Amino acid sequence: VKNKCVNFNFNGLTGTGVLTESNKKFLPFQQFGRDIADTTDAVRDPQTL
Amino acid sequence: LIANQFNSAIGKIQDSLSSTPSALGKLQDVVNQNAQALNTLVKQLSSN
């Protein structure tokens with residue numbers, strides 16, 4: 001579910017927020033993305049890459 | 001004479017300000033310090 005405030009549980013990484021189709025171009029060995037304040041702000045869906 | 005000196009001095013003020021880039025440091029430093037303080041506060045969230 002996108003563009004709604006939801007509780008997400010991505011492979012045990014737990015959080016709350018709005019999931020949006022992104023423009024960040026991950027390299028294929030990367031599976032997360034952090035902020036300056038060490039909070040995840042990009043994630044890769046484990047079922048549809 | 002006083003009119004010409006006054007007009008010339010004002011013009012020298014504006015183009016001297018237009019040329020020198022480090023003139024307004026008294027203001028600029030203030031802004032910098034505040035932003036810098038906030039910056040350290042944010043990265044204190046990433047300490048164990």
# chains A, B, ... in the order shown; residues from 1 in each chain; ligands from 1

call {"tool": "interface_residues", "arguments": {"of": "chain B", "to": "chain A", "cutoff": "9 Å", "atoms": "only C-alpha atoms", "output": "CSV table (one decimal) with N, CA and C atoms, in the first residue's frame"}}
result
chain,number,residue,atom,x,y,z
B,42,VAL,N,21.7,17.0,15.2
B,42,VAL,CA,21.1,16.0,14.4
B,42,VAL,C,22.0,14.7,14.4
B,43,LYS,N,23.3,14.9,14.4
B,43,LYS,CA,24.1,13.7,14.3
B,43,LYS,C,24.3,13.1,15.7
B,44,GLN,N,23.8,13.8,16.7
B,44,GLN,CA,23.9,13.1,18.0
B,44,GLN,C,22.8,12.1,18.1
B,45,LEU,N,21.9,12.0,17.2
B,45,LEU,CA,21.0,10.9,17.2
B,45,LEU,C,21.7,9.6,16.7
B,46,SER,N,22.9,9.7,16.1
B,46,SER,CA,23.5,8.4,15.6
B,46,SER,C,24.6,7.9,16.5

call {"tool": "select_by_dssp", "arguments": {"residues": "chain B", "states": "helix (DSSP H, G or I)", "output": "PyMOL selection string"}}
result
chain B and resi 2-19+25-46

call {"tool": "write_last_selection", "arguments": {"atoms": "N, CA, C and O atoms", "output": "compact mmCIF listing (two decimals), in the first residue's frame"}}
result
# COMPACT_ATOMS: atom_id res chain seq x y z
N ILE B 2 30.22 70.15 -2.53
CA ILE B 2 29.74 69.18 -1.54
C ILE B 2 28.76 68.21 -2.18
O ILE B 2 28.77 67.01 -1.87
N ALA B 3 27.94 68.70 -3.12
CA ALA B 3 27.02 67.82 -3.82
C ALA B 3 27.76 66.76 -4.64
O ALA B 3 27.40 65.57 -4.60
N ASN B 4 28.81 67.17 -5.34
CA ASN B 4 29.56 66.22 -6.15
C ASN B 4 30.31 65.21 -5.29
O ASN B 4 30.34 64.02 -5.62
N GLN B 5 30.89 65.67 -4.18
CA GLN B 5 31.60 64.75 -3.30
C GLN B 5 30.65 63.75 -2.66
O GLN B 5 30.98 62.56 -2.53
N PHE B 6 29.44 64.19 -2.31
CA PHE B 6 28.47 63.30 -1.68
C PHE B 6 27.98 62.23 -2.65
O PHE B 6 27.91 61.04 -2.30
N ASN B 7 27.64 62.64 -3.88
CA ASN B 7 27.19 61.67 -4.88
C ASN B 7 28.28 60.67 -5.23
O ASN B 7 28.02 59.46 -5.35
N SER B 8 29.52 61.15 -5.38
CA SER B 8 30.63 60.26 -5.70
C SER B 8 30.90 59.27 -4.58
O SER B 8 31.21 58.10 -4.83
N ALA B 9 30.77 59.72 -3.33
CA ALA B 9 30.99 58.82 -2.20
C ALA B 9 29.94 57.74 -2.14
O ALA B 9 30.25 56.58 -1.84
N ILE B 10 28.68 58.08 -2.43
CA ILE B 10 27.62 57.07 -2.42
C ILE B 10 27.84 56.03 -3.52
O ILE B 10 27.68 54.82 -3.30
N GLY B 11 28.24 56.49 -4.71
CA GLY B 11 28.53 55.54 -5.79
C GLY B 11 29.70 54.63 -5.49
O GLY B 11 29.68 53.43 -5.81
N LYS B 12 30.74 55.17 -4.84
CA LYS B 12 31.85 54.34 -4.41
C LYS B 12 31.43 53.33 -3.37
O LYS B 12 31.93 52.20 -3.36
N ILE B 13 30.47 53.69 -2.51
CA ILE B 13 29.95 52.75 -1.52
C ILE B 13 29.27 51.57 -2.20
O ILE B 13 29.55 50.41 -1.88
N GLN B 14 28.41 51.86 -3.18
CA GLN B 14 27.64 50.76 -3.76
C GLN B 14 28.51 49.84 -4.62
O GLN B 14 28.36 48.62 -4.55
N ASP B 15 29.47 50.38 -5.38
CA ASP B 15 30.25 49.45 -6.19
C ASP B 15 31.37 48.80 -5.39
O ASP B 15 31.82 47.70 -5.73
N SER B 16 31.82 49.43 -4.29
CA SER B 16 32.72 48.74 -3.38
C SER B 16 32.03 47.58 -2.69
O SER B 16 32.66 46.54 -2.45
N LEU B 17 30.76 47.74 -2.33
CA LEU B 17 30.02 46.62 -1.79
C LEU B 17 29.77 45.56 -2.85
O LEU B 17 29.81 44.36 -2.56
N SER B 18 29.54 46.00 -4.09
CA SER B 18 29.34 45.08 -5.20
C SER B 18 30.59 44.29 -5.56
O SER B 18 30.47 43.20 -6.13
N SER B 19 31.78 44.79 -5.23
CA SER B 19 33.02 44.12 -5.58
C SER B 19 33.52 43.20 -4.48
O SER B 19 33.76 42.02 -4.73
N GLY B 25 30.51 39.76 6.74
CA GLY B 25 30.83 38.59 7.55
C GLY B 25 30.20 38.63 8.92
O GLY B 25 29.78 37.59 9.45
N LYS B 26 30.05 39.84 9.48
CA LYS B 26 29.35 40.06 10.74
C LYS B 26 27.94 39.49 10.74
O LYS B 26 27.49 38.95 11.75
N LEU B 27 27.24 39.57 9.61
CA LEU B 27 25.96 38.90 9.54
C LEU B 27 26.15 37.42 9.32
O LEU B 27 25.57 36.60 10.04
N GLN B 28 27.03 37.07 8.37
CA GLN B 28 27.08 35.73 7.81
C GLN B 28 27.46 34.71 8.85
O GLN B 28 26.83 33.65 8.95
N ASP B 29 28.45 35.06 9.68
CA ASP B 29 28.94 34.19 10.74
C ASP B 29 27.83 33.79 11.69
O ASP B 29 27.74 32.61 12.07
N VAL B 30 26.93 34.74 12.00
CA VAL B 30 25.79 34.47 12.88
C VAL B 30 24.97 33.33 12.33
O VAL B 30 24.79 32.30 13.01
N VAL B 31 24.62 33.41 11.04
CA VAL B 31 23.81 32.39 10.39
C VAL B 31 24.53 31.05 10.44
O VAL B 31 23.95 30.06 10.90
N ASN B 32 25.84 31.08 10.16
CA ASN B 32 26.64 29.87 10.09
C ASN B 32 26.62 29.14 11.42
O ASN B 32 26.29 27.95 11.47
N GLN B 33 26.77 29.91 12.51
CA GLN B 33 26.91 29.29 13.82
C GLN B 33 25.63 28.59 14.20
O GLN B 33 25.67 27.42 14.62
N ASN B 34 24.49 29.21 13.88
CA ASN B 34 23.22 28.62 14.25
C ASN B 34 23.00 27.32 13.51
O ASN B 34 22.72 26.29 14.13
N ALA B 35 23.32 27.32 12.20
CA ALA B 35 23.12 26.13 11.40
C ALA B 35 24.03 25.03 11.88
O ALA B 35 23.60 23.88 12.06
N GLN B 36 25.25 25.42 12.27
CA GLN B 36 26.24 24.44 12.67
C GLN B 36 25.82 23.76 13.96
O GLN B 36 25.93 22.54 14.09
N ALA B 37 25.19 24.53 14.86
CA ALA B 37 24.72 23.96 16.12
C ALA B 37 23.66 22.91 15.86
O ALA B 37 23.79 21.77 16.33
N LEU B 38 22.72 23.23 14.97
CA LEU B 38 21.64 22.30 14.64
C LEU B 38 22.21 21.04 14.03
O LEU B 38 21.77 19.94 14.38
N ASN B 39 23.28 21.20 13.25
CA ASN B 39 23.87 20.07 12.55
C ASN B 39 24.39 19.05 13.53
O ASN B 39 24.03 17.86 13.44
N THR B 40 25.08 19.51 14.58
CA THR B 40 25.66 18.57 15.53
C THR B 40 24.57 17.87 16.31
O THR B 40 24.65 16.66 16.54
N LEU B 41 23.48 18.60 16.58
CA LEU B 41 22.37 18.04 17.33
C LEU B 41 21.76 16.88 16.57
O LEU B 41 21.53 15.81 17.15
N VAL B 42 21.66 17.03 15.24
CA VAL B 42 21.07 15.97 14.44
C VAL B 42 21.95 14.74 14.45
O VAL B 42 21.47 13.62 14.66
N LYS B 43 23.27 14.92 14.37
CA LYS B 43 24.08 13.72 14.31
C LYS B 43 24.28 13.12 15.68
O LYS B 43 24.72 11.97 15.78
N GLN B 44 23.85 13.81 16.74
CA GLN B 44 23.86 13.13 18.02
C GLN B 44 22.77 12.09 18.14
O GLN B 44 22.77 11.34 19.11
N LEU B 45 21.85 12.01 17.18
CA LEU B 45 20.97 10.86 17.15
C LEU B 45 21.67 9.58 16.73
O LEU B 45 21.12 8.50 16.95
N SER B 46 22.86 9.65 16.15
CA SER B 46 23.49 8.44 15.63
C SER B 46 24.60 7.93 16.53
O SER B 46 25.55 7.32 16.04

call {"tool": "atom_distance", "arguments": {"atom1": "atom CA of residue 7 of chain A", "atom2": "atom CA of residue 43 of chain A"}}
result
14.0 Å

call {"tool": "select_by_dssp", "arguments": {"residues": "chain A", "states": "strand (DSSP E)", "output": "list in words"}}
result
residues 5, 6, 7, 8, 9, 10, 13, 14, 15, 16, 17 and 18 of chain A

call {"tool": "residues_around", "arguments": {"residues": "segment 10-27 of chain A", "least_positions_apart": "3", "cutoff": "10 Å", "atoms": "only C-alpha atoms", "output": "PyMOL selection string"}}
result
chain A and resi 1-7+30-33+39-46
